[PDB]
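The same protein chain appears twice below, in two forms, each given on its own as structure tokens and labelled structure 1 and structure 2.
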Structure 1
């Protein structure tokens, strides 16, 4: 029995299957409010043998991925949050993250023989309920507000996947660079939502039989994985970043600018030229992941 090829959901291996989305559960205007295409235009796939596994290739409107990258790099990394930098940086010091990256970016010396910027040292950010790894339950403290626009995005994707009533309550944002270390880390009826932006990576989905080789698949910028039940047990972080293709610094979906006119109720905001320079420079060698979970009931 041979080793399968890497599945590319964007074009020896378990059978790929269309997943039917509840296309009338999210209005066309609401999907655009957070930068998503209308659900009817989305593709979604399952895998035979893996109930609870959903894969949604890049369902984002052109240029709207930029809004979600900038939120992860520039806004969600700011207090109030819990952060890997809190080990060494004071809360006041972390407030200078964005201006520092712009300073590194404006320098004419291009070199890695220098201190790493805070953005380059960013590895994880948690929002909402804090998950205490010792206790292996959620904590009563280290609580930070869950950003509402990410909750609106999470709730819509969960609804279209058949999980109406889902509440975004615990988020973790992971930042992986080419030099990231390759480490590895209740009820699971409710889904967790996993978003990817930037460079590509390979998700290894655990074998069904014991000692079986995992099923491989590409995570492209904008891809969303919805996982619950049997398949939520199989979710894990992907710290390995694939280097960008020869000649192509960023995927084409990250090279489309945002619309000039957005709606006036939209949560997608404009992204300035200098702000996108920081995102584009960073994402040249990085992938950002967003994981959203429900906590209460």
Structure 2
């Protein structure tokens, strides 16, 4: 049991509310500049290029203007950037809706495809709307299609067996998510980001993600983008080798991580998705609705009452994580293959 497996095991069994979580960094309380607890790296502010993204562009994808964002770094982890929920009120609902209802559809790929036909999985969303609208409801029901969703891939579909990407397996990357990833990337000083591969993870309360580094992309000089919605997660950021002791931090609804530079190839994991403190409840930021009238040419779309019902009852016991990556260095193709 190395340092990483020790912290992973601990946080997986940790007791919410108690001092077990006292070392976990919480970037959403970092503006209060409370002094760091002994043993914990220091939270430093990271200055963004506030002029690099316009306010109407930021507003197209439901982002506050960059000037309103707070970004932080961690001493000891160069390149790591953490941006507490910079979404305009209600605008997380659109992205959540997209992950549950749109991105999970053919022609993207998801964990259900290996053993379920298109016709079996097509009804995913209607199935979940029907459970909500029934009086007979609750008879020790099997897990819904929505509830059996564990991953979705976009763009270049990551191959879980080979652990490689491939030009032969591609679905065009959704353009709203790509524009969102581009704003975040620019605002962090990475203009020209190519949103080429998406991996979406769907967590239940008992879900985990083990220690790994994301090294399957061909270009390691490019930042990895990570979005979080729903229940909060304990995230462990470690070192280049799998045994260095990691630093715990929270990832709350709307939080964004950007693993650039030296941090790009660090080991990390999520040992725990924490339930809401009152039980099965949304975080407060997800109770704000979308604006009545959306700007012109908005990529954020209106979310129906019936649609948000499904998302809200799902997100009470779940977390959704979107990661966006650039796969190919600019001016490079997947190598062709020799005879």
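Numbering follows the first chain given and starts at 1. Superpose the two forms; the largest set of C-alphas matching within 1.5 Å is the rigid core.
- Comparing the two forms between structure 1 and structure 2 on the rigid core, the single residue of 78, 132, 84, 164 with a CA shift of 2 Å or greater is 132.
- After superposition on the rigid core, the Cα atom of residue 96 is displaced by less than 2 Å between structure 1 and structure 2.
- Fitting the two forms on the rigid core leaves the C-alpha of residue 239 displaced by at least 2 angstroms between structure 1 and structure 2.
- Once you line up the core between structure 1 and structure 2, the Cα of residue 213 ends up 2 Å or more from where it was.
- Core superposition places the Cα of residue 143 1.1 Å apart between structure 1 and structure 2.
- Once the two forms are overlaid on the core, residue 109 shows a Cα shift of 4.5 Å between structure 1 and structure 2.
- Core superposition places the Cα of residue 280 0.4 Å apart between structure 1 and structure 2.
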